[PDB]
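J.: So I've got this experimental structure, pasted below with the sequence.
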Amino acid sequence: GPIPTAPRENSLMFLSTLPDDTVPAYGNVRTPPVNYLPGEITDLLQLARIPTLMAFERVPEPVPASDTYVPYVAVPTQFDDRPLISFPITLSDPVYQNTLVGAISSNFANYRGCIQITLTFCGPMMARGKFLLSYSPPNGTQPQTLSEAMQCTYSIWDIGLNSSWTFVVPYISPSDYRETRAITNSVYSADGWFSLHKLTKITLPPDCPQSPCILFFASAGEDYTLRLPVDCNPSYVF
Amino acid sequence: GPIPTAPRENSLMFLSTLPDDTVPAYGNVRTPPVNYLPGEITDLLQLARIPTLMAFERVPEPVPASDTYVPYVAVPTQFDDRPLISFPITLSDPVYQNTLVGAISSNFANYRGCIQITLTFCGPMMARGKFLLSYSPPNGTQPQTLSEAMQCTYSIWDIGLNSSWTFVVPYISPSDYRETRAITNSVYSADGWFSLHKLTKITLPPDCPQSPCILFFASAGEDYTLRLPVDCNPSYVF
Amino acid sequence: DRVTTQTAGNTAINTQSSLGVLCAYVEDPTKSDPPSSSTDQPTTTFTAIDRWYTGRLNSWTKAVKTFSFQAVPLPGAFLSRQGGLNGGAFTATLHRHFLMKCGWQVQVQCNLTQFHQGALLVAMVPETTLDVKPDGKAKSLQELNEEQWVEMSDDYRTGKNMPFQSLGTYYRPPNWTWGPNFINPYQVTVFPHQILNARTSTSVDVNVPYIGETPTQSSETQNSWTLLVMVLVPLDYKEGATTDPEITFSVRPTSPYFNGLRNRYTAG
Amino acid sequence: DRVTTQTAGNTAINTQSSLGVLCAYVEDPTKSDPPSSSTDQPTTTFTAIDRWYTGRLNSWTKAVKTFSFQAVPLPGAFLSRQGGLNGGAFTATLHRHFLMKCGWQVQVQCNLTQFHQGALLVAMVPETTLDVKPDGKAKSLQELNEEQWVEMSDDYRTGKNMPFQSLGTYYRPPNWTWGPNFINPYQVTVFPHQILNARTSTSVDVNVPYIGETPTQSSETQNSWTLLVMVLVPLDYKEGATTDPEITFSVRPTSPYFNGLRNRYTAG
Amino acid sequence: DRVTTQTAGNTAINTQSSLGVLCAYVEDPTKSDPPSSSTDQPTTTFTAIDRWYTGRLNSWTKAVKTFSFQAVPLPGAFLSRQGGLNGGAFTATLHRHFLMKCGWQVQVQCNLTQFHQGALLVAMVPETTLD
Amino acid sequence: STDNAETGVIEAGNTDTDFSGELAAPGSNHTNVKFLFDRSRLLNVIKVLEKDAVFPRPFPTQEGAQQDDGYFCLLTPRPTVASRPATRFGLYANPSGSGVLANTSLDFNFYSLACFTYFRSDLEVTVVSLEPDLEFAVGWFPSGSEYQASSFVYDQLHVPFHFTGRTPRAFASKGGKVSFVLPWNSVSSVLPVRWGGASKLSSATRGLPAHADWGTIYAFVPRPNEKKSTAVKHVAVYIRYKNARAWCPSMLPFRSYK
Amino acid sequence: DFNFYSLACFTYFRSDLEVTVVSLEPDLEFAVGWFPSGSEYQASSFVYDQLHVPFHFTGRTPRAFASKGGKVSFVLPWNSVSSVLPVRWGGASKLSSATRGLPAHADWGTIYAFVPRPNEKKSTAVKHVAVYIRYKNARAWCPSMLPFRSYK
Amino acid sequence: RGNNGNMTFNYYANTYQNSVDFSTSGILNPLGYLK
Amino acid sequence: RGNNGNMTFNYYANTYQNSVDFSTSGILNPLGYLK
């Protein structure tokens, strides 16, 4: 006998994100297997953990063309009590725009966990110096003073045999998740600032080249997590 | 009670290749059984393995009519360092067009496995000679020289008591499957060339007839396989 | 083992160039049941129809083109006495029974030797109307003698010339283009066959069972098996060799069942 | 453990600043099966192709801008003899086989010392058409000598200049904007790579297996791995230091399988 | 047992008048050691050089006198491409190695039949400067 | 390897027979007869009945015959003409002339892979309207049966007898489709793809089988004869072979080289 | 597929493909024809009752008839001769005159939309159909780059 | 099997979904043999 | 698992609902190693 059925009001609706299969039209097809091919990607956070280059403007004020964005910050000999480079911890900011962490995360609504900033000193081996790397919680005014950076979460990095320092930005958030994109620039989307201060000047023996450069990488920590995939930005194709 | 149901968006769609049964209208019908009738065909590759005649043009240059296509290649006494017959290993080529391998395979999109070419010497028993049968991988220029055929996959066939030679064309492909029809004439559809060279001249005692003929068969190997049935060519009915 | 003398009843045929017996499509086309669709007692085999019958085909020549062929319908050659194939008691039993079921053993002989080249395809081909003219009437022996070989052309490749019902003056006469009783001449080696090559043998053996759309068929009209002798390579020889070699054939029925015993057939 | 001398066949290459060997994306890119898609016996490795091959790149200078790069296609550099990379028996085997499957061991040397600053990104990048001009033809050695370095600009960031089929006069010519063979220059560190920093080392090691869209690929056309040497930090030094340091590279194939043995390749 | 089809690699050569294979001067000329006088690793065999190579000699005629001969040096015919004997990967390996050690399998075909008389001596002769 | 093709048997060889290699692994089974023919394809296009039909006369049909051509569809892979079984397929190359254009049909997909002599299967029939939002119904009668060609009167409306009967009638909804599967109903054991016999002892045509069919279908509007307009409506026929079995290996059609 | 390249981020891809076909015109009766990778369109018509019926109404490849205002949805297997789809490619398909970086069979086939009516029934008003795709059992290999984002 | 995937459950009996023949009282076979 | 929730019952067989590859004869892996 015919089974009595009550079709719901949402019948014949196509739903793009429906978690169910549809009818097969061309079954009994065996594809070539894939034993030989290595490098299988189970999860996109495996590529988020890979460090990639950030971007900054090269030098103020005159530049031949504004497109001259550069993956390093040059260290001048001149001393003034302001950071050499600073950027907000906000994953929609241009400093993350061409990193894998920013590009992957920008297609997700929320993130959780730590961002890992990696620095690389590309100057000569004879160079000696010290840098203070400081992460500031959100505040009414961004800190600029080295004394103000010293009051925040900070680590001192020494130039020596090992050329690199991995700075893990701590996850300090009022909510369990944070917004990837700062629409209203609220506390849930902008998590303060990271800043670089020189502690001592870089010292050089004579005939060394002046102004060495620190190469910047951005990467996801091992606790980093992404949630709620959203529509992409198609701006890259135009 | 009525069972709650959610009909999908593809409801009432007729799909010609749907792997499911429909409602019976005229059941409880018993047909006459089929115990007596032999020759049951389980699989079309059983007929693909059966050798059938290829086709070539008889003689250059003048022919009474261009429809005079012939299942053999005549062997002239004249010597020149070019093959007597050659054809591409491409299952849409006219040399396979009226073979069972070509006709069955042309209704499928892909093939895998070896093609088996069978030769038959139909000349007199007193004739003696030797032939070199060579299969060439794809190349920028088709080989014509006997020295070039010797560098490829080749077998020497001797005329004697046994009249036939089965040449298995090896399956050498970059992909696991190959295209039946050469649309763009890519490496995935055209698998090089088979060629026939005379090694020595055919020797005859006097009053033998001149120019004996080699009869050609095409057949599927035991590893031959076909996949993805496609629409037929209805050109034969017009 | 090329010398084989095969015995059936009072007739024994011999060859010294035997290629073996092609057993298709069962391991023995003599292994077979009483036909389940008739309930009268069948007339089964006996030793005067358990024998071979021999007939003559037309001579093979230099002028015979590629894929030219001769068609021998079975049991129609017995009914028509094609090539002198008198069937005796077997034909006398055929004309007195409504149904007939049997397989066939066939051997075709052609007297080649050395200094000759050419090849003959000898196949049992189901199912043909090749013995019938395009007007729908069967070929007479005079017409079979006048051919002397059926030429392959556009008709018989596409099935365009197969027998048909005319539509009449009510309809437009259609352009007849295709039919399922075509011969694809390159594909005739799918059938149970052997090749009578001049190089290797003078005789060929094919052994076939009964097949049909029904478990038995009418004695007068069935053409479920046809002995097809087709040229693959034309005859060539130098002058002084034997001109015009002859083609003979030997036919034996296997496990005959006869049903519907009645008087001798008289046409309407 | 910075002193490592790696031995392969009759060739041994040495470094005293070894950072280790980058093994991606398996624990050993030499562990590998006969390619399942060809049934002929493969031509496997032997001790005269189990060796290293060394070539020269163009000199690195102060004037070389950030993200300027050199592209070394593999096995295309052997086919083109790019940078003097004669491959001997390996190239002789390449030209005589239709299919080729192998991984690669690469080491790039650049002779830095103290009083110099700069960094070179050395990556094996799948898959590139960076050796090909935008008109669709491959770069000649004269053109590779004239560059002397490929400048990063709007093209090669968006893929706008990748080789293409022209539509013809029938269609409107479209505004070409984007292509999937882009270089995102900030993201090249996703690939198997090491950084040739002037501070810490003079040589880098990357070890890669075979990859492809098929379990084997054509010997003449494949570009499944490309040695990319890209500037991250430009060269700077005071006058009196060594001008124009040279860049050399050493290439070893791992577990080669050759299929489709035939004559030497001649183009159409 | 006159019908023999001998297989090597991707090449198979057939004869229907086989007299057998003359194995001299050991029971198997394939049984052999790495050459003791060189200490580098030898380049050993692989399936694209484990194959047959075919060439053409000049035609035999009535006018050819007794004991007239043709000389085919090995491996010199591969180096000179004598009679169209292109050797492919084998010749490519020959030109890139200083030393070479191998034996040889040879088969010579000539298309005689009945109504002809004559005899050809086919020998592997060490060692000649006849080329 | 050496063989004799005159044997009629040739062993299916491999790469390892003469050369060095191995078998290519199997990876598909789509050449299976039960799998291949089990897909739907266009059989024929028939006109829709709006009145009680007069079934087409047997051949040769003469002048002045009052009959309804083009409404009945034989369920045959074999060629047909004027809803009756045919031997030769026929077509019309030119419009000009005078006389009735007879309907002809083929399953081109079947004969492209038959390749055999005998065939038997059950038959899924699917009926699709070529006119939008058509309300229509399908009438079927088996092999050996015939069309009931008359009408009965209800409330002065002529109601044809083909609205009823013991054989299946399937009413489609407005813009709906009809689908059902039919058994092998013939007196014969199997369908002959090619045939050499004769159906009668006198005046029969050689090669024309009488009952190589799964019956005949027709399309009709479920409205009485008084409701009619001049606009002719059309219906397409789809067939699918269920549990297909084949016997007696044979040829594939000739492919012209022009 | 802008959404795909926004997160590929890899070199090789393989999946089954759910195809969903939605009419942009209201209450359209339409049907979907598909033919696999390596196949081709059958470009001719046959005559039934002096109405030209095109051959793409039939064939061995899937045909799906939508209802009036209905939708078509079905999933397709990986049908290529190739093992996987290359997201980016450096090779060449032919030995002569090919284009570098253009793969020949990196596809799940081709689809087309057609009205289930013969050629005589036609009006001038062109009608449009949108194509939706969904990747089933997606697998990825060989980590790679994401597209450049302009700073202007 | 045939072109059938919905193997889990059949609503109609076999003698209604298909025909069956009445009682009277892979690895491939070769279509030909040699004696 | 994938974006699938209706886990209780599958109507079509696996080789009809999906492809399968033919036979020839969380915690995250690092994409690179150092020797």
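T.: Okay, I see it. Residues are numbered from 1 along each chain as shown, chains lettered A, B, ... in the order given.

J.: what's around residue A:117, how many residues?
T.: Residues lying near residue A:117 (other Cβ atoms under 10 Å in any protein chain shown) number 23. C-beta: built from backbone N, CA, C; applies to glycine.

J.: So it: helix, strand or coil?
T.: Here residue A:117 is recorded as strand under DSSP: H, G, I helix; E, B strand; the rest coil.

J.: which one is it nearest to, not counting chain neighbours?
T.: Of all residues not flanking residue A:117 in the chain, residue A:167 sits nearest, at 4.6 Å (Cβ to Cβ, 6 or more residues apart in numbering or on different chains).

J.: shouldn't the one you found be in contact with residue A:116?
T.: Yes: with contact defined as Cβ atoms under 8 Å, residue A:167 reaches residue A:116; the gap is 7.2 Å.

J.: What does residue F:257 show for phi and psi?
T.: Per-residue torsions, residue F:257: phi -90, psi 0 (degrees, to the nearest 10).

J.: which ones are touching it?
T.: B:55, B:67, B:69, B:94, B:97 (Cβ atoms under 8 Å, 6 or more residues apart in numbering or on different chains).

J.: distance of the closest residue in space to the fourth one that isn't next to it in sequence from chain D?
T.: Ranked by Cβ to Cβ, 6+ apart and with sequence neighbours excluded, the top spatial neighbour of residue B:94 is residue F:257, at 5.9 Å. In this structure, residue F:257 and chain D are 27 Å apart, going by Cβ to the nearest Cβ, to the nearest Å.

J.: in which helix or strand would I find the one residue in chain A that gets nearest to chain E?
T.: Proximity of chain A to chain E (Cβ to the nearest Cβ) peaks at residue A:36, 20.1 Å away. Assigned by DSSP states H and E, residue A:36 belongs to no helix or strand.

J.: For it, grab the count of nearby residues.
T.: 21.

J.: what's the burial count for the nearest residue to it once chain neighbours are set aside?
T.: With sequence-adjacent residues excluded and distances taken as Cβ to Cβ, 6+ apart, residue A:36 is closest to residue D:215, at 4.9 Å. Applying other Cβ under 10 Å, we find 27 residues neighbouring residue D:215.

J.: Residue A:1 now?
T.: Using other Cβ under 10 Å, residue A:1 has 3 neighbouring residues.

J.: residue boundaries of the strands in the stretch 51-200 of chain F?
T.: Under the criterion DSSP state E, counting those that start in this stretch, the stretch 51-200 of chain F contains strands at F:72-74, F:80-81, F:84-85, F:89-91, F:104-105, F:116-129, F:137-141, F:151-154, F:157-160, F:169-171, F:178-182, F:191-192.

J.: who does whichever helix or strand comes after the last one pair up with?
T.: Read it as strand F:191-192. Once the chain leaves strand F:191-192, the next helix or strand it forms, by DSSP H and E, is strand F:216-220. Next to strand F:216-220 in the sheet, as set by DSSP bridges, lie strand F:41-49 (parallel), strand F:72-74 (antiparallel), strand F:137-141 (antiparallel).

J.: orientation of the helix or strand following strand F:216-220 relative to strand F:178-182 in degrees?
T.: Next in sequence after strand F:216-220, counting helices and strands by DSSP H and E, comes strand F:234-249. Counting by axes from the mean of the first three to the mean of the last three Cα atoms, to 10 degrees, strand F:234-249 lies at 30 degrees to strand F:178-182.

J.: Okay, angle between strand F:234-249 and strand F:116-129 too, please.
T.: Going by the same axes, to 10 degrees, strand F:234-249 makes 160 degrees with strand F:116-129.

J.: and strand F:234-249, C-alpha only, in PDB?
T.: Provided in PDB are the C-alpha atoms of strand F:234-249 (Å, rounded to 0.1, in the frame of the first residue of the first chain):
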ATOM      1  CA  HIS F 234       3.400  15.000 -30.600                       C
ATOM      2  CA  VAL F 235       4.900  12.500 -28.200                       C
ATOM      3  CA  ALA F 236       8.400  11.000 -27.900                       C
ATOM      4  CA  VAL F 237       9.000   7.300 -26.900                       C
ATOM      5  CA  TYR F 238      11.900   6.200 -24.800                       C
ATOM      6  CA  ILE F 239      12.800   2.500 -24.200                       C
ATOM      7  CA  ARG F 240      15.300   0.800 -21.800                       C
ATOM      8  CA  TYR F 241      16.300  -2.900 -21.900                       C
ATOM      9  CA  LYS F 242      16.100  -4.700 -18.500                       C
ATOM     10  CA  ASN F 243      18.000  -7.900 -17.800                       C
ATOM     11  CA  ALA F 244      19.400  -8.000 -21.300                       C
ATOM     12  CA  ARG F 245      20.900 -11.300 -22.500                       C
ATOM     13  CA  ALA F 246      22.500 -12.100 -25.900                       C
ATOM     14  CA  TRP F 247      23.400 -15.100 -28.000                       C
ATOM     15  CA  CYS F 248      25.300 -16.100 -31.200                       C
ATOM     16  CA  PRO F 249      28.100 -13.600 -31.900                       C
END
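
J.: Which other helices and strands does it contact?
T.: Other helices and strands packing on strand F:234-249, by 3 or more Cβ pairs under 8 Å, 6 or more residues apart in numbering or on different chains; DSSP states H and E, are strand B:40-41, helix F:33-36, strand F:41-49, strand F:116-129.

J.: Each with direction, which strands does the longest one pair with?
T.: Using DSSP bridges, the strands paired with strand F:116-129 in its sheet are strand F:178-182 (antiparallel), strand F:191-192 (antiparallel), strand F:234-249 (antiparallel).

J.: Measure how far the shortest one is from the centre of its chain, please.
T.: Think strand F:191-192. Centroid separation between strand F:191-192 and its chain, computed with Cα atoms, centre = their mean, to the nearest Å, is 12 Å.

J.: can you list the residues of chain H near chain F?
T.: H:1, H:2, H:3, H:4, H:17, H:18, H:19, H:30, H:31, H:32, H:33, H:34 (Cβ under 8 Å from any Cβ of the partner chain).

J.: Residue of chain A closest to chain F, please.
T.: Closest point on chain A to chain F, by Cβ to the nearest Cβ, is residue A:30, at 5.4 Å.

J.: Distance-wise, check that residue relative to chain H.
T.: Taken as Cβ to the nearest Cβ, the span from residue A:30 to chain H is 14 Å.

J.: Let me know the outermost residue of chain C.
T.: residue C:170 (39.1 Å; Cα atoms, centre = their mean).

J.: In contact with that one, which residues?
T.: Residues near residue C:170 by Cβ under 8 Å, 6+ apart: F:60, F:61, F:62, F:63, F:65, F:99, F:100.

J.: How about the stretch 51-200 of chain C: which residue is closest to chain E?
T.: As assessed by Cβ to the nearest Cβ, chain E sits closest to residue C:114 within the stretch 51-200 of chain C, at 8.3 Å.

J.: Over to chain H?
T.: For chain H, Cβ to the nearest Cβ, closest residue to chain E: residue H:34, 16.9 Å.

J.: Up against chain I, what does chain H have?
T.: H:5, H:6, H:7, H:8.

J.: Spell out which parts of chain A neighbour chain I.
T.: By Cβ under 8 Å from any Cβ, the residues of chain A that approach chain I are A:17, A:19-21, A:23-24, A:27-35, A:39, A:42-43, A:45-46, A:49-50.

J.: Could you measure from the residue of chain F found nearest chain G over to residue D:212?
T.: Proximity of chain F to chain G (Cβ to the nearest Cβ) peaks at residue F:45, 3.0 Å away. Distance, residue F:45 to residue D:212, by Cβ to Cβ, to the nearest Å: 49 Å.
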